[PDB]
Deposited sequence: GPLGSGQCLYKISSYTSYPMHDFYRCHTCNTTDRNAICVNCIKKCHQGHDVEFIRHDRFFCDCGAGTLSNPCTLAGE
């Protein structure tokens, strides 16, 4: 298998999957964008207009090449 595909945890995928977290935004309660935990979104905002959001602490749209201009770094 490719390098980094073993089952020892000292491998790249352990580090790149680690700094992620998920939360919800409720657009029904609004306009300053809020952040809501999963338990509250399911119980406190049942039937509301909700949005799932996943954050990667180190992800950068600029360096990732998703913006109109290429990253200068």
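Counting from 1 along the deposited sequence, what's missing?
Missing C-alpha atoms (numbering from 1) occur across the ranges 31, 75-77.
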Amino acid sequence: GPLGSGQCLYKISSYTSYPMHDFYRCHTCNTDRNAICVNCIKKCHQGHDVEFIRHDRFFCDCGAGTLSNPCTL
From here on, numbers count along this sequence of modelled residues.
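Which of the two stretches, 54-62 or 6-14, shows the higher mean Cα temperature factor in the record?
Comparing 54-62 with 6-14, the higher mean C-alpha B-factor belongs to 6-14.
Comparing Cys44 with the other modelled residues of its chain, is its CA B-factor in the lowest, middle or highest third?
Within its chain, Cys44 is a middle-third residue by C-alpha B-factor, going by the deposited values.
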